[PDB]
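Remarks on the overall topology
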Amino acid sequence: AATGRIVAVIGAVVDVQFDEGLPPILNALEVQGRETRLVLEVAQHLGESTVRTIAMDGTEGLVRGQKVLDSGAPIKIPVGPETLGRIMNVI
Amino acid sequence: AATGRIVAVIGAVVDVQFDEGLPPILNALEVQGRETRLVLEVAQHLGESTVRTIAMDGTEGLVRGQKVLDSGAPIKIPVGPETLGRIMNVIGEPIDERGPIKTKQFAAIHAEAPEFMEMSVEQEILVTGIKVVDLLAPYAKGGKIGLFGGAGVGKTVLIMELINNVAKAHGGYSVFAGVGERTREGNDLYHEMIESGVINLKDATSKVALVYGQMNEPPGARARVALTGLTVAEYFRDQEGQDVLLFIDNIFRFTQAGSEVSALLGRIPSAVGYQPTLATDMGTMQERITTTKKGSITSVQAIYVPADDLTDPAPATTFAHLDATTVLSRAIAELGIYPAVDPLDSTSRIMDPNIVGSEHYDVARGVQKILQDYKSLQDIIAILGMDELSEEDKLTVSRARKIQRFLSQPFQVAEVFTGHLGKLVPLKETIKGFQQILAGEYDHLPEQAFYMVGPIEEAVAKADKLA
Amino acid sequence: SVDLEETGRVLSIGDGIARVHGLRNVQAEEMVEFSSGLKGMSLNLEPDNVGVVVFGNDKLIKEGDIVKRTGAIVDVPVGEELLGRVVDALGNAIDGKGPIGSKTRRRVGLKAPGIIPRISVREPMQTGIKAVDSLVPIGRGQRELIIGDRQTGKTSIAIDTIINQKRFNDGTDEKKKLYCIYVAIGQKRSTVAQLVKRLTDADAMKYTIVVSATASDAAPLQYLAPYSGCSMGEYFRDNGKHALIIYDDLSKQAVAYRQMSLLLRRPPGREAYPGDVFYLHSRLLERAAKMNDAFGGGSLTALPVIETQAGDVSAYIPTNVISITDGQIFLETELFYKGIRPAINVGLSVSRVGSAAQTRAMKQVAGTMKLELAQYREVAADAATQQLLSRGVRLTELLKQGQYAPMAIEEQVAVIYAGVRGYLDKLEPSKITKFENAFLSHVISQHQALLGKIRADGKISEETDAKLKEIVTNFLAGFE
Amino acid sequence: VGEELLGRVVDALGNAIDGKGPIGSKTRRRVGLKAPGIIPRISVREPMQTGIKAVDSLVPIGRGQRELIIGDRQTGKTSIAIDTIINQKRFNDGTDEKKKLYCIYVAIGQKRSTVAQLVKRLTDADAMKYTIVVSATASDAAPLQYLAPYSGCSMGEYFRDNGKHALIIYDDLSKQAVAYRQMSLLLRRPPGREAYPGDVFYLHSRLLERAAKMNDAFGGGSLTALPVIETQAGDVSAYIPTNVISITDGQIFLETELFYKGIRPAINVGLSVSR
Ligand SMILES: Nc1ncnc2c1ncn2[C@@H]1O[C@H](COP(=O)(O)OP(=O)(O)OP(=O)(O)O)[C@@H](O)[C@H]1O
Ligand SMILES: Nc1ncnc2c1ncn2[C@@H]1O[C@H](COP(=O)(O)OP(=O)(O)OP(=O)(O)O)[C@@H](O)[C@H]1O
Ligand SMILES: Nc1ncnc2c1ncn2[C@@H]1O[C@H](COP(=O)(O)OP(=O)(O)O)[C@@H](O)[C@H]1O
Ligand SMILES: [Mg+2]
Ligand SMILES: [Mg+2]
Ligand SMILES: [Mg+2]
């Protein structure tokens, strides 16, 4: 699980740069240092070990340099017979 | 003369870099190391000793670093009296499997238009045997003619009828150029011209030459065939004193093929995706097909309108290069009137009393006025009905509906799939037949008797049988 | 310690296009292979890098991957071992029956033959539908279009056409057999599965090949499919055999090509379509022809299918295609709703070349029907007018068929003869169908010899005419 | 510039193309100049006669005015100007110089044979002795078609400043804008509506403002203009026509339905105005 850094924030699009390794497309990332979860989904491989993602929640108060984490797989959700009678969001 | 190296290949556009001896624009280049000849044409000088070219054939298998050689002159084709009865292509190679073409001289494709002091201003008439054209918008000798129509309305049947009626009796030569059409039609034309006797394979008495590039060719080729036809058309006009007939099929494909390469050349599109240089390059080509103080050329061209639209930029700039117009309509073809020529949208330059005579002009203006009046009652008839009209309006409706039928005619080239017999009317009979209808002498006949007949005498007999 | 003449590294991946650094000896339009098993096509050769089009999903390609050359222009397996197999757009089997034992390969993109190697259409192409074989005949080497709205009955015509050929293919004469190829673009898999089951039940998967590119597949795979089938069809044409190909939907291919073009940032035009849409179909439909004797005598026939919105035939693509084919068949929706099935508009449907290739008997019995139908149409909007209407209604009743049931030519000839002679002007218009069925059954089960005679001779002789009259009048008298 | 150009046919830069010989001129003048201001002008007071019954009685035209001719294709726009040019013979063949008028014809985008027939029609009525023809046909480069009208206005301005009167005609102003659009796009300038440049209005506004009537302190000369516009399927609410409608002082409308009902010339008197 490599760690990257935020380098650009324009609306609801975020760019992350990785020193080693590179997450494949349609993967989920985790942003560190917030009171609530904030996941990002990979869309493209711009180049120079940089990727372009989209945000699944609000994007304000982020700083150019915050650390990010790679989950290793696309979004996973609970599945089973205990989901009957409950409410869940996208993630 | 000099050698270069291929630097980039994208689609039908190739860039070459020359160490020394930069070629000028419009020269031809040859590729080294291929089974079949491949020729390139210079279009731009980019800078840093690099040029941008356009290919005339497929560009699959090319590798960066390959060698390109210079020729030193534009594309040249064999021209002379030995091209009669043969078939050529874009770069003048025989495709009729009969050996090489042994002419004495050659000529370059690109030239310049005739000057202002070489123009002729004589005007005459040409008789075709078709009622609508002769009565309403007659043709002329040594002029330009255009045929507008959508898809499936019948331009090429009319072109073949005009060939059958005019070409055979002509004393001069003829040239047929086919651009962006079906191949099987070309094969049919070749075989029927062999059968008729225009093309003779055992002597030197042929009177037609053929140049073809069809819709299975890359866009580079289809943008250059019409000039190949124009060159062989011009040789018979300048060097020899002869009258020439030139038929071009779907000159619209000359314009469309030019916009498929405009994007790759790095330009800003202007309107509806067309290239910015749309009128100037059409004017360059059209001004060469003229009549000068050395000979005459008569042109018949077929034009295409996309999505039945007459305001499209491509067919809307060709109206200014014509002396006679014939517009075809799908709505008329739906009603079963063939040919589907619109009588309120066709013009000619020689429709004046001092050329065609007073009587012809009066008859044409009367029939056009009657046709116009009936069109202004459509809204009331479509809702309220025929009963609301007075007597005079009913009379005008009946006479206009009778006149509409009499403009149709059976063609000889369509006998195979229609079960009829072809007809050919002289001019005087048409004038007199329309005078008689305008005078009201046939108000006691049913309107179905004026359908698909020739001279007026056939209407009374068909009415008599249909008692 | 890597070479850059036959190896490359991905520099960027996204929007379908992948840019590779290296490959300095690659050729234009050459197949290249990635490190995950996918394959691509070289499109743009630039001074610094190469543009590649991926034939698959793009989540399997990552920056840094290694790309290698293959050394050939895009080609597909061709042969006669493909008969009875379901393959994808590149030739990989998806039916789980084992690998294909092909021995020859052919390029996907090749130019069509020219003027000299061609000849006119002379041989007939039998369908089994009375309306088509009587009013819009088709010959071997012709392009005919099937146009209409959604849920009108376009696919059923092709499905019926394929089944009929079993009669000739199971015989002895080798100059009357026809092979068939079916291409599916942008459909749903379940429909294809049900279609192949239907074909299997009637023993028609012994001379058929299926190519499939469904909705879930990527755009380039739905763009390459028709040419791949065309090459497999062209195999037979150059070896003195006959074939047939059916493109399910060219509109979806046009949509896929438009998607591909826009992501490359090319100038849009009318309806946001690129300006090279015409060439895309002009190349494909020019590769069906009729070769002459010196070149072998083979043939290839094509039947494209196009869908319209609210019966608008003055659009961009429908008008583009009409200016290419040699005739069209119109299917209407009002006739389909009221009950007339197949719903063919006789006024608009036309064939330019099929008329020459038609059996003499069918021509003899069809011309009169055509004229009478024209008169009935003209008077539809005294005694003679009533007679015209009375004939027209029954003639309309005759031209109705069910589904998955082709007919032979002689039976159609007899049925049409009965109507055209006016023998059925007494039965109520609601009883025509039962009489047709009973008469056909009686004729098949009791004579069979007059049918054999008509088939062998190819013409209705006078004696045959008298015998037909005898049979029809007797059965009609006994109809009750 | 000068009056040695009468009876000659010249291109957009003042070169003879009729085969006579060199032009002996002594003066030159820039093509881009400013129109007269407010002080040197005076009101319009004198008539300009054409010879058309439906124009001289319902839509009169004065000297120093601008009037627009607008319609579809094949309606009769050219013949009005051709008739207007011919009518002036009865005044030029006279004595007093206060009722003479000189004529200038400019052709933009047309083919050569039409211009040859027009010149032949003019020369058989003895009218070339007081006319100048400036031509830039369809085979010429775009800059020449873009530059042609100003080069003719600058020739017309010579008579205006020496106490004489003149008339000018710009045939198919619609074909100058396409050449301007082609020339601007190849210079990598951003497009606008229908890819026209951002200032097509200023292209014609600075041109049609140069016709004026001068007062006695400056000589008393005048200059009159008659532009021509073509519309697609009788659509007068397009982009280009609306610009030029709001500049001139009046317009004459031509229609096809009146043309086919025997009303020739097809002037719509219910809409034509003259301010
Ligand atoms: N001759 C016929 N008799 C009875 N039903 C018919 C006949 N022809 C077609 N149908 C019915 O019409 C329906 C549509 O069939 P089909 O798939 O051929 O139409 P389509 O217009 O090609 O459809 P889609 O646009 O969805 O591909 C089916 O339910 C089929 O059973
Ligand atoms: N008063 C008239 N009487 C008879 N015919 C006329 C009259 N005025 C014009 N015409 C005819 O109308 C036709 C078109 O005239 P003209 O050449 O002036 O049209 P236009 O508007 O300049 O067309 P285009 O757009 O082709 O340049 C010609 O055939 C001309 O003879
Ligand atoms: N004079 C005519 N008589 C009868 N049918 C005609 C005639 N002209 C055209 N058609 C119809 O048009 C079809 C041919 O159209 P075509 O000439 O190829 O159109 P286009 O020239 O626009 O390609 C024929 O199938 C025929 O049914
Ligand atoms: Mg055609
Ligand atoms: Mg279907
Ligand atoms: Mg004019």
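Residues numbered from 1 in each chain as written, not as in the entry; some residues may be left out. Chains lettered and ligands numbered in written order. Part of a larger assembly, values for the part shown. Heavy atoms only, no water. Residues with missing side-chain atoms left out of burial classes, pairs and counts.

Residues and elements named next belong to chain D. Covered by surrounding structure in strand β2 (residues 68-71) are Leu-68 and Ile-70 together with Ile-69 and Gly-71, the residues of both alternating faces. Bridge count for β2 against strand β7 (residues 250-253) is three bridges, and the pairing is parallel. By the bridge assignment, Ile-70 is partnered in β7 with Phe-253. Taken together, the three bridges between β2 and strand β6 (residues 222-230) define a ladder with parallel strand orientation. Following the sheet pairing, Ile-70 is matched in β6 by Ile-229. (Buried < 20%, exposed > 50% of the residue type's maximum accessible area, 1.4 Å probe, protein only. Helix = DSSP H or I, 4+ residues; strand = E, 2+ residues; numbered from the N terminus. Pairing = 2+ DSSP bridges.)

Attention now moves to the UniProt feature "binding site: Mg(2+) 1" (unreviewed entry) in chain B. All names here are of chain B. As recorded in UniProt, the feature "binding site: Mg(2+) 1" (unreviewed entry) lies at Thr-156. The residue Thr-156 is located in helix α2 (residues 155-167) in this model. Look at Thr-156 and you get partly exposed, because its relative accessible area is 34%. (UniProt positions renumbered as here; feature names shortened; annotations may be inferred.)

Next up on the list: the interface of chain C and chain A. With eight residues of chain C at the contact, the number on the chain A side is ten residues. Regarding the contact of chain C and chain A, the summed buried area is about 700 Å², with carbon and sulfur atoms giving 55% of it. Counting the surface chain C buries against chain A, the share from its top three residues, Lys-59, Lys-62 and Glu-63 of chain C, is 59%. The interface formed by chain C and chain A includes zero salt bridges. The tally of links from chain C across to chain A stands at two residue pairs in polar contact. Residues of the side of chain C that touches chain A, tallied by class, amount to two nonpolar, one polar and five charged. (Contact = heavy atoms within 4.5 Å. Buried area = accessible area lost by both parts, 1.4 Å probe. Salt bridge = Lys/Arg side-chain N within 4 Å of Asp/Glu carboxyl O. Polar contact = N/O pair within 3.5 Å; in protein donor to acceptor, adjacent residues only side chain to side chain. Nonpolar A, V, L, I, M, F, W, Y, C, P; charged D, E, K, R; others polar.)

By convention, interface size is frequently given as the accessible area that disappears when the constituent parts associate. The partner chain C presents 47 residues to the 42 residues of chain B that form the contact. Counting the surface chain B buries against chain C, the share from its top three residues, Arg-64, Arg-182 and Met-215 of chain B, is 19%. Remark: the boundary between chain B and chain C carries four salt bridges. Across the salt bridge formed by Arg-182 of chain B and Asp-326 of chain C, the nearest N and O atoms sit 3.7 Å from each other. Here chain B is connected to chain C by eleven residue pairs in polar contact. At the level of secondary structure, the elements contributing two or more residues to the side of chain B that touches chain C comprise β1 (3-10), α3 (183-196), α4 (219-222) and α6 (252-259) of chain B. Each residue belonging to the side of chain B that touches chain C can be placed in one class, and the counts come to 18 nonpolar, nine polar and 15 charged.

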